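This report concerns only the one structure given below.
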Amino acid sequence: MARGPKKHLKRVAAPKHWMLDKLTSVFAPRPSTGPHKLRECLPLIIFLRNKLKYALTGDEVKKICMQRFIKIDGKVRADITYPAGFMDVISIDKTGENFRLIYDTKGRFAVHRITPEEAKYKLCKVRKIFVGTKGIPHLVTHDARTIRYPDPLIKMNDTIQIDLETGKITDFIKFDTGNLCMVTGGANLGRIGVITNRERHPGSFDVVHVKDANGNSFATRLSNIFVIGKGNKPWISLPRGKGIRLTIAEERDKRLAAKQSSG
Amino acid sequence: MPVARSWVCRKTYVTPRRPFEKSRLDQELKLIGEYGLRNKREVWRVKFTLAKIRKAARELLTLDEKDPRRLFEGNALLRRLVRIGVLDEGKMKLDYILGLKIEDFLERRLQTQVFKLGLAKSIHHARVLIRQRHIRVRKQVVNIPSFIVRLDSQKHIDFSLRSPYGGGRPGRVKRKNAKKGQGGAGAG
Amino acid sequence: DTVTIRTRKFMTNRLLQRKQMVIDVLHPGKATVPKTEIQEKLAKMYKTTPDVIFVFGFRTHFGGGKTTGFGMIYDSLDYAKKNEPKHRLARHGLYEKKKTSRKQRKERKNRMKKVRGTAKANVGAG
RNA sequence: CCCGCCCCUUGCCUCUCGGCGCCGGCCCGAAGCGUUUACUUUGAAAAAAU
RNA sequence: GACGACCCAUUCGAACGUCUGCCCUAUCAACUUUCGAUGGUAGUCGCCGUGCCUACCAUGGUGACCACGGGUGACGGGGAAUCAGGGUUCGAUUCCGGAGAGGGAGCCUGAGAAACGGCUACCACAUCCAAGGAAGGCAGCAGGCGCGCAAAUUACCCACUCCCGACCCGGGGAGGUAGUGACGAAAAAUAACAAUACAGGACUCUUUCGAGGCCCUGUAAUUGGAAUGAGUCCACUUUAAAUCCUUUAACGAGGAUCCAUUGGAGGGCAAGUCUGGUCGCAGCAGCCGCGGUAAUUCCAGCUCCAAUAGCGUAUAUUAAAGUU
RNA sequence: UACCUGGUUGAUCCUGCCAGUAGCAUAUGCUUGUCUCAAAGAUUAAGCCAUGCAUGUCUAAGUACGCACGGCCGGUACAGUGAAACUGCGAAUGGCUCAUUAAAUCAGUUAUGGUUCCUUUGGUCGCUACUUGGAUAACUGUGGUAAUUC
Ligand SMILES: [Mg+2]
Ligand SMILES: [Mg+2]
Ligand SMILES: [Mg+2]
Ligand SMILES: [Mg+2]
Ligand SMILES: [Mg+2]
Ligand SMILES: [Mg+2]
Ligand SMILES: [Mg+2]
Ligand SMILES: [Mg+2]
Ligand SMILES: [Mg+2]
Ligand SMILES: [Mg+2]
Ligand SMILES: [Mg+2]
Ligand SMILES: [Mg+2]
Ligand SMILES: [Mg+2]
Ligand SMILES: [Mg+2]
Ligand SMILES: [Mg+2]
Ligand SMILES: [Mg+2]
Ligand SMILES: [Mg+2]
Ligand SMILES: [Mg+2]
Ligand SMILES: [Mg+2]
Ligand SMILES: [Mg+2]
Ligand SMILES: [Mg+2]
Ligand SMILES: [Mg+2]
Ligand SMILES: [Mg+2]
Ligand SMILES: [Mg+2]
Ligand SMILES: [Mg+2]
Ligand SMILES: [Mg+2]
Ligand SMILES: [Mg+2]
Ligand SMILES: [Mg+2]
Ligand SMILES: [Mg+2]
Ligand SMILES: [Mg+2]
Ligand SMILES: [Mg+2]
Ligand SMILES: [Mg+2]
Ligand SMILES: [Mg+2]
Ligand SMILES: [Mg+2]
Ligand SMILES: [Mg+2]
Ligand SMILES: [Mg+2]
Ligand SMILES: [Mg+2]
Ligand SMILES: [Mg+2]
Ligand SMILES: [Mg+2]
Ligand SMILES: [Mg+2]
Ligand SMILES: [Mg+2]
Ligand SMILES: [Mg+2]
Ligand SMILES: [Mg+2]
Ligand SMILES: [Mg+2]
Ligand SMILES: [Mg+2]
Ligand SMILES: [Mg+2]
Ligand SMILES: [Mg+2]
Ligand SMILES: [Mg+2]
Ligand SMILES: [Mg+2]
Ligand SMILES: [Mg+2]
Ligand SMILES: [Mg+2]
Ligand SMILES: [Mg+2]
Ligand SMILES: [Mg+2]
Ligand SMILES: [Mg+2]
Ligand SMILES: [Mg+2]
Ligand SMILES: [Mg+2]
Ligand SMILES: [Mg+2]
Ligand SMILES: [Mg+2]
Ligand SMILES: [Mg+2]
Ligand SMILES: [Mg+2]
Ligand SMILES: [Mg+2]
Ligand SMILES: [Mg+2]
Ligand SMILES: [Mg+2]
Ligand SMILES: [Mg+2]
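Chains P, W and X supply the protein sequences, listed in that same order. Counting from 1, one number per residue, gives the positions in the first sequence under our numbering. Counting from 1001, one number per residue, gives the positions in the second sequence under our numbering. Counting from 2001, one number per residue, gives the positions in the third sequence under our numbering.
What follows is the structure, given as structure tokens:
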């Protein structure tokens, strides 16, 4: 039977970009309900023992999190399967280090340490616009936040830079032809380039083009574009190799020349 | 029940279709004698690992040149072959792979190198020594006669550092008899 | 002597008040080293004590010689008493184990599920 | 075998609102789509394990 | 700070709906309808769209491009076996979707159930009794009967992966561990090496004979000494606690055991026109065929063949089959 | 590895099939030293089931007069550990099997502008009062039936 919501998640059926093994055991953490979709999230448990190696078994994650050390967007989260996701800024005070969840160019999250004078603001993508009771205009971002009284020029698909202690958006980039963008869905995942186009098929999945810093172009769907810069100048810091998605015939050459077989 | 296991496994040989055919039985018996193997199956393994290389080679050679896939996988297959001493870097192209014979994979076996590099009296003596843990590759004992020696591992094969044949306590026979001089020939 | 320790991929974990690393033991000719005999040499290596040190794993290769295992070194003793799994504190006695089977616990619970107000004799008289 | 020339060459139109030029006046990109399909080629989008 | 709470969004879903996609059957050719069948108008009901259901009205909808009826040892798919190229057959079975807890039916509580480790009633079974009454659902894990050609222990533990809870602490036959296991897959032992004696060849010498001889094979008698695990077994290691494997001290090989088997020997098809026995009997033989007193085919000894820690037989299926 | 071989005739050439041949998966026979993996009451009967077990849960933070244990003597909101019991939550996930079921289920594709949503995350929280009412469980005590988580 299914008569209600499920609550376990099998290890094989889990998302691929979690990069889980196969022979530990039958289950996977099953992210809890949150602001980020179940396939797009990264639970806090998978970030501390599969990536940062800080813990070793699930109980060590539970007793790291209980001591109130970890902060997800300023607030102090105690749930180990909390669904962190794209544009969230984990902070570990007791160590003095910070991170930004951004897709690496193979289409998966990777650790990306940032300077503590940067981990005070995060970007959000506008999803909806509506006028509440008494005539107040609202906003909905990709991570479920609701901003009341936003500027009357910010529209859908735009990006806004908020603060983590107030909300209260500060800057906003407008979606049009010429601005930077990072792609967050499908085949082209974690690539960067100027938008350069947008076609519009009314009633079905408008399509968007892009263009890398090496001529490479790659279409996508508009609901997968995420503007991160005014133009050619990304606001937030970037991972190494900057979304350039080199082919395997190049990846082999760099592996051979660097001879990165040790340290 | 769901369970935390790999069921993935596979076969590594194929029997021949004509079961009693003289041209076959005499050739394989020759190959067993000349390299000191145990069954016919020890030959059908090598036949399989060659006939499977010769399918990738062919399917690449039926792609068009300049292809991404053909280029990448060919440069990867020739590298893998050259790295075990089955191919000559002076060939390094696909239309030569189709010219390889079974007796080049058999030649790179550890049993063969232990004889041909001089450490044993015969191709049969070599198989005994390897199986008795008398030989070492690079700071590592090995015990499998069929181990295939990579090209630059070649000059590392030598007698084990805990073994009678070179720096080691005499075995349980040379010690039982030297004791027969002090326990069987002195007061016994 | 032949025995020797060499550490690997060291990491100082402040989130759990320990430093953890991997241990290599180059011990040719001999049997595997006892865990006690390892942890005192780690002490002399890190200059603390053979009491805030825990080691486990330790599989030996084919052929003899090396073995590799995991090791952790705590700051206080009590942080180890908090942050360790119980059975690893039992190995070198610092904890003890109680009720003698899973069956007895199970069947007591099922007898107690059939009385109200005070479960009484089912525990107090066994 | 990307341009325009024998009559045609993305086939035109006519505009209008907004950027690209020159010294207001005039020049060219976008909006309409070209009678419809099948075919072929390229993109998008498609769970993991096998 | 904990808790609760209206509504909005978000999350995990759920529900209904669009296009295309199915095995065999004509010895199924017309089917559907006031017992709603296709449509319209207004309502009832429901979380919402809707003949979903009621009242009035119209007479429609489907079919040789296979409707409707029947059969399926039919739960669908990701996939599996074989496979030049095309294909054929399988998919109860660990991932995803569906459906069901003896058969049918009705409902409480809840955000969520037409729930059976919940309740009520009928049908079929079955238990206790003081004959008034009460109680039940292993297609969860073990275990037992039955059925059959056909399938393991009434063990251990929450340490690992995760889930539930008021929760850093409790619980989990989910899950892990060990037992039985020739379903099946990978690696791989049961002899290596010298001397001596015979045997044989390239080479040297001798007109040859013959001799010297280096390279190999057997084969004998002994030996000759060396090598090593299968085992017995102290410790460490392993792990929740143990077992196994790996690491190590001590014992442990002369071959008459520390013993390799299963099927064949006319042909197809690798291997005997040996010897003893039986006499168209007993038997063999997938097919052709053997046996009637002189059996290369039966029964046995000897020898030889093929695969080998495996081989034979029955059956379903694929290639051979360009015999769909 | 894109393959054939025996058999109708006195002999020959054909059609044509039966037999051989190789893999696979269920059963069964003979045999068995080592070591790493690991399928296993599906087929018949979705037949029937003795016994045990498989679902419970407390924090600084709902309700503590069990003396049950308890300390420096006091509850003067009242200490502190805390059985039980009311209250809340979960029990609708997980596990097992394949009887039903052929435009059904299911797959890819799309839509809710035609709906509901415990929980999590973010919004929202101003048209006798220094604090109201009666009534239950655990606990004390008396019971009934052969019998039950009465
Ligand atoms: Mg279920
Ligand atoms: Mg049900
Ligand atoms: Mg969770
Ligand atoms: Mg109507
Ligand atoms: Mg209506
Ligand atoms: Mg009609
Ligand atoms: Mg009609
Ligand atoms: Mg029909
Ligand atoms: Mg089927
Ligand atoms: Mg069926
Ligand atoms: Mg194929
Ligand atoms: Mg299936
Ligand atoms: Mg069945
Ligand atoms: Mg089953
Ligand atoms: Mg299922
Ligand atoms: Mg679905
Ligand atoms: Mg039954
Ligand atoms: Mg509820
Ligand atoms: Mg029911
Ligand atoms: Mg149930
Ligand atoms: Mg009941
Ligand atoms: Mg009843
Ligand atoms: Mg049951
Ligand atoms: Mg059972
Ligand atoms: Mg029987
Ligand atoms: Mg069986
Ligand atoms: Mg049986
Ligand atoms: Mg657990
Ligand atoms: Mg616990
Ligand atoms: Mg189990
Ligand atoms: Mg096997
Ligand atoms: Mg033996
Ligand atoms: Mg052993
Ligand atoms: Mg122990
Ligand atoms: Mg025999
Ligand atoms: Mg016979
Ligand atoms: Mg005979
Ligand atoms: Mg024959
Ligand atoms: Mg023959
Ligand atoms: Mg006679
Ligand atoms: Mg005779
Ligand atoms: Mg005779
Ligand atoms: Mg066939
Ligand atoms: Mg005839
Ligand atoms: Mg004839
Ligand atoms: Mg046949
Ligand atoms: Mg066979
Ligand atoms: Mg095992
Ligand atoms: Mg199987
Ligand atoms: Mg059954
Ligand atoms: Mg019972
Ligand atoms: Mg308390
Ligand atoms: Mg209290
Ligand atoms: Mg309760
Ligand atoms: Mg509930
Ligand atoms: Mg079962
Ligand atoms: Mg049904
Ligand atoms: Mg039908
Ligand atoms: Mg039918
Ligand atoms: Mg349909
Ligand atoms: Mg679907
Ligand atoms: Mg559908
Ligand atoms: Mg809850
Ligand atoms: Mg809220």
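By construction, the Cβ of each residue, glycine as well, lies at the ideal position given by its N, Cα and C atoms.
Residue 1 (chain P): CB within 7 Å of a non-hydrogen atom of ligand 2: Counting from 1 along the first sequence, the entry for residue 1 (chain P) is found at position 1. Result yes, Cβ under 7 Å from ligand 2.
At which residues does the beta strand (DSSP E) containing residue 1009 (chain W) begin and terminate? In the second sequence, residue 1009 (chain W) corresponds to position 9, counting from 1. It is not in any beta strand (DSSP E) - residue 1009 (chain W) carries neither H nor E in the DSSP assignment.
Burial state of residue 232 (chain P), where buried means 16 or more other Cβ atoms lie within 10 Å: Translated into the one-based positions of the first sequence, residue 232 (chain P) becomes position 232. Burial call: exposed.
Of the listed residues X:2122, X:2094, X:2029, nearest to residue 2051 (chain X) (C-alpha basis): On the third sequence, residue 2051 (chain X) is found 51 positions in, with the first residue counted as 1. Nearest option by C-alpha distance: X:2094.
Whole-angstrom distance between residue 91 (chain P) and residue 211 (chain P), CA atom to CA atom: Along the first sequence, one-based indexing puts residue 211 (chain P) at 211. Along the first sequence, one-based indexing puts residue 91 (chain P) at 91. Straight-line Cα distance between these residues: approximately 34 Å.
For residue 2046 (chain X), the first and last residue of its enclosing alpha helix (DSSP H): Counting from one through the third sequence, the residue named residue 2046 (chain X) turns up at place 46. Run containing residue 2046 (chain X): 2035-2046, per the alpha helix (DSSP H) assignment.
Nearest chain X C-beta to residue 64 (chain P) closer than 8 Å, yes or no? Position 64 of the first sequence, counting from 1, holds the residue named residue 64 (chain P). Chain X, which has a Cβ nearer than 8 Å to the Cβ of residue 64 (chain P), makes this yes.
Residue 133 (chain P) by DSSP, collapsed to three states: which one? As a first step, residue 133 (chain P) must be located in the first sequence, where it is residue number 133. Helix, per DSSP.
Would you mind working out which of W:1137, W:1154, W:1169 sits nearest residue 2138 (chain X), comparing C-alpha positions? As displayed, chain X neither begins before 2001 nor continues past 2126, which places residue 2138 (chain X) out of reach and without an answer.
Using the C-alpha atoms, what's the distance from residue 148 (chain P) back to residue 154 (chain P)? If you number the first sequence from 1, residue 154 (chain P) lands on position 154. If you number the first sequence from 1, residue 148 (chain P) lands on position 148. Distance between the alpha carbons of residue 154 (chain P) and residue 148 (chain P): 12 Å.
At a cut of 8 Å, does the region 113-123 of chain P reach the region 82-98 of chain P through at least three beta carbon pairs? yes
Closest by C-alpha distance to residue 229 (chain P), when choosing among P:175, P:218, P:240, P:18: Counted from its first residue, the first sequence places residue 229 (chain P) at position 229. For the residues P:175, P:218, P:240, P:18, the minimum Cα distance to residue 229 (chain P) belongs to P:175.
Distance, residue 260 (chain P) Cα to residue 1100 (chain W) Cα: For this step, residue 1100 (chain W) is matched to residue 100 along the second sequence. For this step, residue 260 (chain P) is matched to residue 260 along the first sequence. Straight-line Cα distance between these residues: approximately 33 Å.
Who are the Cβ neighbours of residue 1081 (chain W) in its own chain at under 6 Å, not counting the five residues just before and after it? For the purposes of this step, residue 1081 (chain W) is identified with residue 81 of the second sequence, where counting begins at 1. Excluding sequence neighbours, residue 1081 (chain W) sits near 1087.
By Cβ distance below 8 Å, which residues in the same chain neighbour residue 1 (chain P) in space, the five residues on each side in sequence not counted? Along the first sequence, read from residue 1 onward, the residue named residue 1 (chain P) stands at position 1. Nothing meets the Cβ criterion.
Please report the distance separating the alpha-carbon of residue 2103 (chain X) from that of residue 2091 (chain X). Here residue 2103 (chain X) refers to the residue found at position 103 of the third sequence. Here residue 2091 (chain X) refers to the residue found at position 91 of the third sequence. So the alpha carbons of these two residues sit roughly 25 Å apart.
CB-CB length for residue 2028 (chain X) against residue 2064 (chain X), believed under 8 Å: Numbered from 1 along the third sequence, position 28 holds the residue referred to as residue 2028 (chain X). Numbered from 1 along the third sequence, position 64 holds the residue referred to as residue 2064 (chain X). Indeed, because the Cβ distance is near 6 Å, the residues count as touching under 8 Å.
Thinking residue 2018 (chain X) and residue 2110 (chain X) are a contact (beta carbons under 8 Å), I'd like their distance in whole angstroms, please. Here the question's residue 2018 (chain X) lines up with position 18 in the third sequence. Here the question's residue 2110 (chain X) lines up with position 110 in the third sequence. Incorrect: roughly 42 Å between the Cβ atoms, too far for contact.
Can you list, in chain order, the stretches of the alpha helix (DSSP H) that have 4 or more residues and sit fully within the region 2068-2114 of chain X? 2078-2083, 2086-2091, 2102-2112
How about the region 31-38 of chain P and the region 67-75 of chain P: do they share at least three Cβ pairs that are nearer than 8 Å? no
Taking any Cβ of chain W, which residues in the region 124-146 of chain P have a Cβ under 8 Å from it, in chain order? none
Which residue from P:213, P:7, P:96, P:234 puts its Cα closest to that of residue 173 (chain P)? Taking the first residue of the first sequence as position 1, residue 173 (chain P) is located at position 173. The residue with the shortest Cα to Cα distance from residue 173 (chain P) is P:234.
Write down every uninterrupted run of the alpha helix (DSSP H) in the region 19-64 of chain P whose length is 4 residues or greater and which is fully enclosed by it, in chain order. 44-49
Provide the residue span of the alpha helix (DSSP H) that contains residue 2031 (chain X), from first to last. In the third sequence, the residue the question calls residue 2031 (chain X) occupies position 31. Counting along the chain, residue 2031 (chain X) falls outside any alpha helix (DSSP H), and DSSP gives it neither H nor E.
To the nearest angstrom, report how far apart residue 1133 (chain W) and residue 1097 (chain W) are at their CA atoms. Here residue 1133 (chain W) corresponds to residue number 133 of the second sequence, with the count starting at 1. Here residue 1097 (chain W) corresponds to residue number 97 of the second sequence, with the count starting at 1. Approximately 35 Å, taken between the alpha carbons.
Exposure label - residue 1177 (chain W); buried when at least 16 CB within 10 Å: Start at 1 with the first residue of the second sequence, and residue 1177 (chain W) comes out as number 177. Residue 1177 (chain W) comes out exposed.
Contacts of residue 2011 (chain X) in chain P (Cβ-Cβ under 9 Å): On the third sequence, residue 2011 (chain X) is found 11 positions in, with the first residue counted as 1. In chain order: 53, 54.
Give me the Cβ distance between residue 307 (chain P) and residue 156 (chain P), rounded to the nearest whole Å; I'm assuming they're in contact under 8 Å. Nothing can be reported for residue 307 (chain P): it is not among the residues displayed for chain P, which extend from 1 to 263.
Does any residue of chain P have a CB that is nearer than 8 Å to the CB of residue 1081 (chain W)? The residue you call residue 1081 (chain W) lines up with position 81 of the second sequence. Closer than 8 Å: no.
Looking at chain W, is there any beta carbon in it that lies within less than 8 Å of the beta carbon of residue 26 (chain P)? Translated into positions along the first sequence, residue 26 (chain P) becomes position 26. It does; some Cβ of chain W falls within 8 Å.
Please compile the residues from chain W whose C-beta is within a distance smaller than 7 Å of the C-beta of residue 244 (chain P). Taking the first residue of the first sequence as 1, we reach residue 244 (chain P) at position 244. Under the 7 Å cutoff, chain W gives no residues; its nearest Cβ is about 18 Å from residue 244 (chain P).
Which of the three DSSP states is assigned to residue 1150 (chain W) in this structure? Locating residue 1150 (chain W) in the second sequence gives position 150, counting from the first residue. Three-state result, residue 1150 (chain W): coil.
In chain order, each alpha helix (DSSP H) run of at least 4 residues that lies wholly inside the region 80-138 of chain P: none
Mind checking which residues open and close the alpha helix (DSSP H) that includes residue 1026 (chain W)? Stepping through the second sequence from its first residue, residue 1026 (chain W) is reached at position 26. Its alpha helix (DSSP H) spans residues 1022-1035.
For residue 2135 (chain X), go through chain P and note every residue whose CB falls closer than 9 Å to its CB, in chain order. The structure shown does not extend to residue 2135 (chain X), since chain X is modelled only from 2001 through 2126, so no value can be given for it.
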